[PDB]
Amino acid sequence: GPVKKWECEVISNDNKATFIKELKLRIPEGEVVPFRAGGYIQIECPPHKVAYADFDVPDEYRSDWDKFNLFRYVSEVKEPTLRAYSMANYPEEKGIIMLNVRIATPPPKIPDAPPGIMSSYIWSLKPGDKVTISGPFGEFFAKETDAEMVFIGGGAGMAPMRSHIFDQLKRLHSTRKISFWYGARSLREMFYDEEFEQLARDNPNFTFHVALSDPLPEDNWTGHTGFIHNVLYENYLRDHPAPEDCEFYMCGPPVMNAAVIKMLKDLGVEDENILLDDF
């Protein structure tokens, strides 16, 4: 039972945030990748050498790239490798595989480490390039109950978050109470917000909340500030009659995963009601 593979063509590879690209791949026509919301594929790369200076980083994000001297990096790979990336589209969005891919730069305290192999390769891709994906795979699946669902996301965790939420509202036509809580550093780091706002207008049972930890003055931000674990508690769980009866679905950067799960455990939520997708 060898894993299925598809050679896909790159449609677009646009920044959605300073350090996240939306890689959109065209599935070969007439074919289906039979994935589930929350699932993922693997991408492979050939041997290559790519310069960060050749990345298509748009106007709104170049100042930070220049500030951290990121355009100097080069990534050289002599052997093919594989990495997993989660679908941001949901299964009824046919014909494409949408990914959200964080650029895995060298650590700040070890800035001369090799850049991340597969994310650097992905960020080098241009429309018309070909990439081979394999799978699909999955473990981060929704529980099918009537319980309230609480989705918490950060960074590239937006991908399974979007997949899950669209799957509930558009394919399952779910009437369950569903809320999505997304933490980001500032306004330019938020994406897909218009989609979720439209979903909230069309689905009374769905609500969407963004917390910005470090909003810029020019963001003109009057929404919630701080970290998403505190915003979720202070603006919702603190007067929820029974948070323990909720299903929590977590996917963010490690610091956010830990802080949210600690908050939930401190509320008495049982491990069985907390599902984590750790990238």
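The numbering used is simple: start at 1 and walk along the sequence shown.
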| item | value |
| --- | --- |
| Higher-scoring stretch by recorded Cα B factor average, 252-260 or 266-274 | 266-274 |
| Mean temperature factor over C-alpha atoms, higher-scoring stretch between 223-231 and 236-244 | 236-244 |
| Out of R162, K126, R185, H173, residue topping the C-alpha B-factor column of the entry | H173 |
| From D112, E93, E189, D167, residue of greatest CA B-factor | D112 |
| Third of chain Cα B-factors occupied by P106 | middle |
| Assigned third (lowest, middle, highest) for the C-alpha B factor of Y73 | middle |
| Third of the chain's Cα B-factor distribution that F206 belongs to, per the entry | highest |
| Assigned third (lowest, middle, highest) for the C-alpha B factor of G38 | lowest |
| B-factor third for the C-alpha atom of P215 within its chain | lowest |
